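**Student:** Chains as they are written, first to last, in the deposited numbering: chain B, 248 to 511, 514 to 586; chain A, 248 to 587.
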Amino acid sequence: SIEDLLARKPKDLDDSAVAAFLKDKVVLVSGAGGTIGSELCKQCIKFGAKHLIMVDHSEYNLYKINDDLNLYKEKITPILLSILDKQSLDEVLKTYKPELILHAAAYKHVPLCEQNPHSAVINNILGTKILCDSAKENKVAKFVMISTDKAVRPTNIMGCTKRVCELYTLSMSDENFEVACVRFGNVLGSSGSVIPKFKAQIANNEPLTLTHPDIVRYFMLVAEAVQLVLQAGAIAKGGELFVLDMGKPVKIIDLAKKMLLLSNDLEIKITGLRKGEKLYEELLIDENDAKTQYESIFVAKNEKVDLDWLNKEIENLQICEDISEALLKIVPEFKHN
Amino acid sequence: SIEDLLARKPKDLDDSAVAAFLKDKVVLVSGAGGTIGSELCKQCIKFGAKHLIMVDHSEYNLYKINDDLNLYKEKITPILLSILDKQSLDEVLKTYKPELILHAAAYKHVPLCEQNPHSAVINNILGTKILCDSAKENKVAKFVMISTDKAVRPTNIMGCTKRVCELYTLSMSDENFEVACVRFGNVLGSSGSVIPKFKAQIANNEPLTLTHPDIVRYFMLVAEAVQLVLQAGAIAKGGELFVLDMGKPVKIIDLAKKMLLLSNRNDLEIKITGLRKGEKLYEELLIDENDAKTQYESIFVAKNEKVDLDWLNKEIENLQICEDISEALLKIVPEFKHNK
Ligand SMILES: NC(=O)c1ccc[n+]([C@@H]2O[C@H](COP(=O)([O-])OP(=O)(O)OC[C@H]3O[C@@H](n4cnc5c(N)ncnc54)[C@H](O)[C@@H]3O)[C@@H](O)[C@H]2O)c1
Ligand SMILES: NC(=O)c1ccc[n+]([C@@H]2O[C@H](COP(=O)([O-])OP(=O)(O)OC[C@H]3O[C@@H](n4cnc5c(N)ncnc54)[C@H](O)[C@@H]3O)[C@@H](O)[C@H]2O)c1
Ligand SMILES: O=c1ccn([C@@H]2O[C@H](COP(=O)(O)OP(=O)(O)O)[C@@H](O)[C@H]2O)c(=O)[nH]1
Ligand SMILES: O=c1ccn([C@@H]2O[C@H](COP(=O)(O)OP(=O)(O)O)[C@@H](O)[C@H]2O)c(=O)[nH]1
Ligand code: NA
Ligand code: NA
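#1: Could you check whether A/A353 and A/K389 sit closer than 9 Å to each other, using their CB atoms as the reference points?
#2: Closer than 8 Å to a non-hydrogen atom of ligand 6 - does that hold for the CB of B/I312?
#3: A/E306 touches chain B at which residues, Cβ-Cβ below 8 Å?
#4: Which residues in chain B sit within 7 Å of residue 201 of chain A, going by Cβ to Cβ distance?
#5: Give the range of the alpha helix (DSSP H) segment to which B/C291 is assigned.
#6: Is it a yes or a no for the segment 441 to 453 of chain A touching the segment 400 to 413 of chain A, going by three-plus beta-carbon pairs under 8 Å?
#7: Should A/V463 and A/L528 be called a contact, given that it needs their Cβ atoms to be closer than 9 Å?
#8: If the cut is a Cβ gap below 9 Å, which residues of chain B does A/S335 touch?
#9: For B/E425, which of helix, strand or coil comes out of DSSP?
#10: Can you find the residues in the same chain that come closer than 8 Å, C-beta to C-beta, to A/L556, ignoring five residues on each side of it along the sequence?
#11: Looking at chain B, is there any beta carbon in it that lies within less than 9 Å of the beta carbon of A/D514?
#12: Check whether the Cβ of B/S420 sits closer than 8 Å to any heavy atom of ligand 5, and report yes or no.
#13: Using only alpha-carbon positions, find the residue among B/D535, B/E453, B/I517 and B/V490 that is nearest to B/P460.
#14: Would A/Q474 be called buried (16 or more neighbouring beta carbons within 10 Å of its own) or exposed?
#15: Using a Cβ-Cβ cut-off of 9 Å, state whether A/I499 counts as contacting chain B.
#16: Let me know the secondary structure DSSP gives B/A539 once reduced to three states.
#17: For A/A264 and A/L508, I'd like the C-alpha separation in whole angstroms.
#18: Is A/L318 close to chain B? Criterion is C-beta to C-beta, closer than 9 Å.
#19: Taking 8 Å as the cut-off, is the C-beta of A/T541 nearer than that to any heavy atom in ligand 6?
#20: Does A/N308 come out as helix, strand or coil in the three-state DSSP assignment?
#21: Who are the near neighbours of A/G525 in its chain, counting only those whose CB is closer than 6 Å to its CB and skipping five residues on each side?
#22: Under 8 Å: do the segment 335 to 347 of chain B and the segment 491 to 501 of chain B share three or more Cβ pairs, one atom per stretch?
#23: Is the distance from the Cβ of A/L275 to the Cβ of A/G480 below 9 Å?
#24: Please indicate yes or no: does the CB of A/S510 lie closer than 8 Å to some heavy atom of ligand 5?
#25: In three-state terms, what does DSSP make of B/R464?
#26: Can you find a heavy atom of ligand 6 that lies under 8 Å from the Cβ of B/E321?
#27: If the cut is a Cβ gap below 7 Å, which residues of chain A does B/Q362 touch?
#28: Using DSSP bridges, identify the partner residues of A/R430.
#29: Are the segment 363 to 372 of chain B and the segment 550 to 569 of chain B touching, with three or more C-beta to C-beta distances below 8 Å?
#30: Are the segment 477 to 497 of chain A and the segment 542 to 552 of chain A touching by the rule of at least three beta carbon pairs closer than 8 Å?
#31: Is there at least one non-hydrogen atom of ligand 4 closer than 8 Å to the beta-carbon of A/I449?
#32: Given a threshold of 16 other Cβ atoms within 10 Å of its Cβ, counted over all protein chains shown, does B/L435 qualify as buried or as exposed?
#33: Run the CB neighbour count on A/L468, radius 10 Å, all protein chains shown included, and call it buried at 16 or more, exposed below.
#34: Does any C-beta atom of chain B lie closer than 9 Å to the C-beta of A/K409?
#35: Could you have a look at A/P496 and say whether DSSP puts it in helix, strand or coil?
#36: With a cut-off of 7 Å, give the chain-ordered residues whose Cβ is closer than this to any heavy atom of ligand 5.
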């Protein structure tokens, strides 16, 4: 199988550490029905969370994760809710008092975010602000945000918004409220990602659509990335930007060709780079990143920004005419393509 | 397959009528990536809409319908938006000036809406008010709302919210702004519906979970139900509550049996799990003996009286603040009998 062939198989998965971090906690997962969120949920159960609160605005996704976890229904609360609804969210936090928030709600599709930049701003930046602010006010002990390699030297709106989320959450970290962000790259087989698409095209006797002959991504299984996220959250003291070692880059052409050989004839058609799309995402581990006890996990450097400043910029982002230009002022390494 | 066996095969599908209604229109579909919405989008393309504006708050669903329709990318605009965001929504309508809105955005799962009644109120009732109000202020000519047989003498939160939506939209209808609501029953193969549930249970060698041995639902293929919706919309003059003829009801037990038979796997037992809160054994038959006929044998007009919007807007505000949503709904919808 292709997923097998591309799995990382990190040597440093540590079940008992994550169990030690999660046992008997009240954990809330935002975007609980998403690719990342659903797996966060499954692992929270696996590693012994006492109560899992599942927040998602997509009814099918909340339904699906709730139904998937039906054997543990007595430990789970499905909360059908947008994290933009401050008042309802504050109520959820007051009532359940979670000790840990795993924040996996966002918009992530680069093209749809180039087409809908204001919604990417609201959903990603303003949603993260509201959830993070409400977590801190309601004495949540620890807050872990999912980030992405597309947040590093971002060339798209999506990625730049997640970079602003890193800046915000990490700047809210203090002795009482420990925030960590974790960057990682592509997850194998997430819905509406390149692999099931190729599998479909192959099953429909269609040509495989390849963006560019040279395009490469880094890949991990979802269970691999999520367990490493949780190990990172376990060791965090607050303020860390973590980065996962994704292993070898994979050329998407080679991925196409392996999938063809795997089903024993169709042509691969080149369709062109898309706006804001990178030929090679940034390698996540810098040579000056600090090591942790886990070989797959490093801590990248980050400075706090002034929150009065950053809040004003976030206010302005909601009303401004040129979102791209506003984002550059906040994220100077943003080179918008 | 089961789908074929339970397909309505309505004798009165009219392609040329639908084309005449949609040809060269700017049409906006809310919940564009949903089960019903996505089929609405497809048929807008099929029947010659000039420009389809696809509104949905679920990024994957929006992505998927957009991709599904990539051969028509130049005629579609994917708008990643919640209809609760009035100011972004007003600007969408000011920009694209749709002539028709097909409103297929809602929350529909009865158990989730029992557990999240406030979200059901906000997403369904408040989302419908905002979209409808904005459509009317922006001189959209016609507004069609997707409703449900669960809105008829509702016993659940979800169904009751949809009833309120019917009241609001229909009461908004006037000589400039033509509203139609269309009620129909279950769509075969829908998102999170019983048939995929049974398929996944068989795939993992588990027993089939059947709520109750006597439970029945009415069914239709999604393309049938949606083309009939659009035919209703085409003949609407504003104010009509339409109802579809769903044919013969289906006992879910027979469906479960058939699916077991059809994958040869009668090794599997059928465990009875029990009727859920809010859940009906038998949904209401949609056509009343006094409903009016149309030229389509599968579509009738049910009676409705406008309510006063000053009253209805006041109750809608109360729903957002009240202690007891069930009790507040009952004031708006006298026939609401909440099952716990
Ligand atoms: N999928 C990947 O390969 C991948 C890899 C690395 C990083 N990430 C990052 O992880 C994050 C999550 O992405 P994903 O792949 O799980 O996407 P997803 O769309 O599958 O999941 C996101 C979930 O969040 C929910 N959601 C979105 N906005 C919400 C809101 N305002 N309120 C409540 N719920 C909301 C969605 O309904 C969905 O279920 C993104 O920031 C993405 O960049 C994803
Ligand atoms: N599926 C059925 O069998 C069936 C039958 C009759 C009537 N209906 C009715 O049709 C409506 C939709 O049903 P469905 O089966 O399509 O559900 P769905 O969940 O499959 O589709 C709804 C779509 O609307 C979107 N949405 C929800 N809230 C939104 C918001 N605030 N802004 C933007 N988009 C939003 C969702 O993301 C989704 O893509 C419901 O009112 C339901 O009762 C469904
Ligand atoms: O039809 C496709 C879809 C994707 N890709 C490439 O495969 C990689 C993974 O795409 P995906 O959408 O899976 O995730 P993204 O990195 O886009 O978040 C990227 O280099 C894409 O350009 C491709 O070549 N053909
Ligand atoms: O696991 C299930 C799910 C549903 N049903 C029954 O099958 C019918 C279809 O339910 P569905 O959720 O598909 O849609 P609903 O009628 O609930 O909107 C209903 O009478 C349910 O009680 C069932 O027996 N087992
Ligand atoms: Na261990
Ligand atoms: Na539960």
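Note that beta-carbon positions come from the ideal geometry of N, C-alpha and C, so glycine has one too.
**Tutor:** With the structure as the only source:
#1: The count along the second sequence starts at 1 and reaches residue 389 of chain A at position 142. The count along the second sequence starts at 1 and reaches residue 353 of chain A at position 106. In this structure, A/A353 does not lie closer than 9 Å to A/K389 by Cβ.
#2: Here residue 312 of chain B is taken as the residue at index 65 of the first sequence, counted from 1. No, the Cβ of B/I312 stays beyond 8 Å of every heavy atom of ligand 6.
#3: On the second sequence, position 59 is the one that residue 306 of chain A refers to. Ordered by position in chain B, the residues that pass the 8 Å Cβ test against A/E306 are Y354, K355, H356 and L359.
#4: Past the edges of chain A, shown from 248 to 587, lies residue 201 of chain A, and the structure says nothing about it.
#5: As a position in the first sequence, residue 291 of chain B is number 44, starting the count at 1. First-last of the alpha helix (DSSP H) with B/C291: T282 to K293.
#6: no
#7: Position 216 of the second sequence holds residue 463 of chain A. Position 281 of the second sequence holds residue 528 of chain A. A contact, by the Cβ cut-off of 9 Å.
#8: Position 88 of the second sequence, counting from 1, holds the residue named residue 335 of chain A. Correct list: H365, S366 and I369.
#9: Counting from 1 along the first sequence, the entry for residue 425 of chain B is found at position 178. Of the three classes helix, strand and coil, the one that applies to B/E425 here is strand, per DSSP.
#10: Position 309 of the second sequence, counted from the start, is the residue given in the question as residue 556 of chain A. Hits under 8 Å: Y415, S418 and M419.
#11: As a first step, residue 514 of chain A is located in the second sequence; it is residue number 267 there, counting from the start. With its beta carbon at least 9 Å from every one in chain B, A/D514 lies outside the interface.
#12: Sequence index remark: in the first sequence, residue 420 of chain B carries index 173 (1-based). Checking the Cβ of B/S420 against ligand 5 gives no.
#13: Along the first sequence, one-based indexing puts residue 460 of chain B at 213. When each option's Cα is compared against that of B/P460, the closest is B/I517.
#14: Looking up residue 474 of chain A in the second sequence gives position 227. The residue is buried, with at least 16 neighbouring Cβ atoms inside 10 Å.
#15: Mapped onto the second sequence, residue 499 of chain A falls at position 252. Closer than 9 Å to the CB of A/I499 there is not a single CB belonging to chain B.
#16: As a first step, residue 539 of chain B must be located in the first sequence, where it is residue number 290. B/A539: strand per DSSP, three-state reduction.
#17: In the second sequence, residue 264 of chain A corresponds to position 17, counting from 1. In the second sequence, residue 508 of chain A corresponds to position 261, counting from 1. Their Cα atoms are separated by approximately 40 Å.
#18: Against the second sequence, residue 318 of chain A aligns to sequence position 71. Closer than 9 Å: no.
#19: The sequence position of residue 541 of chain A within the second sequence is 294, counting from 1. Every heavy atom of ligand 6 is 8 Å or more from the Cβ of A/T541, so no.
#20: Start at 1 with the first residue of the second sequence, and residue 308 of chain A comes out as number 61. The answer is helix: DSSP assigns A/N308 an H, G or I state.
#21: Against the second sequence, residue 525 of chain A aligns to sequence position 278. Cβ neighbours of A/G525 beyond the five flanking positions: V357, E361, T402, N403 and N586.
#22: When C-beta atoms of the segment 335 to 347 of chain B are compared with those of the segment 491 to 501 of chain B, fewer than three pairs fall below 8 Å, so the two segments do not count as touching.
#23: Position 28 of the second sequence, counted from the first residue, corresponds to residue 275 of chain A. Position 233 of the second sequence, counted from the first residue, corresponds to residue 480 of chain A. Their beta carbons are not under 9 Å apart, which means A/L275 does not touch A/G480 by this criterion.
#24: The residue labelled residue 510 of chain A in the question sits at position 263 within the second sequence. Because no heavy atom of ligand 5 lies under 8 Å away, the Cβ of A/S510 does not count as near it: no.
#25: As a position in the first sequence, residue 464 of chain B is number 217, starting the count at 1. Here B/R464 sits in strand by DSSP.
#26: Here the question's residue 321 of chain B lines up with position 74 in the first sequence. Yes, Cβ of B/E321 sits closer than 8 Å to a heavy atom of ligand 6.
#27: Locating residue 362 of chain B in the first sequence gives position 115, where the first residue counts as 1. The answer, in chain order, is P325.
#28: For the purposes of this step, residue 430 of chain A is taken as the residue at position 183 of the second sequence. A/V490, per the DSSP bridge assignment.
#29: yes
#30: yes
#31: The residue labelled residue 449 of chain A in the question sits at position 202 within the second sequence. No.
#32: Here residue 435 of chain B refers to the residue found at position 188 of the first sequence. By the 10 Å Cβ count, B/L435 comes out buried.
#33: The residue given as residue 468 of chain A occupies position 221 in the second sequence. Buried, because 16 or more other Cβ atoms sit within 10 Å of the Cβ of A/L468.
#34: Within the second sequence, numbered from 1, the residue matching residue 409 of chain A stands at position 162. No, its Cβ sits nowhere closer than 9 Å to a Cβ of chain B.
#35: Translated into positions along the second sequence, residue 496 of chain A becomes position 249. Note: A/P496 maps to coil in three-state DSSP.
#36: Listed along the chain, these residues meet the criterion: B/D261, B/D262, B/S263 and B/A264.
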